[PDB]
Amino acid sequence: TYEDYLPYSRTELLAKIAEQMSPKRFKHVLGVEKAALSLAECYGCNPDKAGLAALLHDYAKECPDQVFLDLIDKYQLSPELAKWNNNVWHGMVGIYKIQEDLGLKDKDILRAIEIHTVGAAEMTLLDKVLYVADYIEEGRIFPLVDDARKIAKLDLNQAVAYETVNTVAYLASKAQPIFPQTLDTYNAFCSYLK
């Protein structure tokens, strides 16, 4: 339960989150919540924080590009962010929409949501829990997910490495631009996958 961080009960918070997104997307979010709570109890991070980070991580996934461009300007974010896309924005910039809409103040939860797509070179246990739960949640079936599910309850750092390497390989396979912080993560975790 999440009342230490937000003035919402569960039924109201899930209703508010559900107002932001498609049913396929909201079902993904509940899967990430289940996956993050089970990773939190395995690795010992606070499940109240893990579960809430999971419920909110894709809160801004469906906002149009202008919402993120306006937040970049309003909160004086690095102007270089404006050259990117929703993949980068919905976490890195969407945390400002989460704070405005919901009043979330917890730095640890906000940071985990902020980097849940691109990672960082230095990630806390909470950051890694969400980063892996988002990938391995039960509704995601893609062939590369299944080894990540196995790695994740043995060694969390190797689960992060596996995701970041497969992401850089996927982006390269489509010739899509790789955000520089995604490289920070890749180089920081490359050795755990070796």
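Just count from 1 along the sequence shown to find any residue number.
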property: Mean C-alpha temperature factor, higher of 44-52 and 145-153; result: 145-153
property: Per the entry, higher mean C-alpha B factor between 69-77 and 88-96; result: 69-77
property: Chain thirds of CA B-factor: placement of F26; result: highest
property: Modelled-residue ranking by C-alpha temperature factor, third containing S9; result: highest
property: Within-chain third of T185 by Cα B-factor, per the entry; result: lowest
property: Third assignment of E163 from its chain's C-alpha B-factors; result: middle
property: Modelled-residue ranking by C-alpha temperature factor, third containing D127; result: lowest
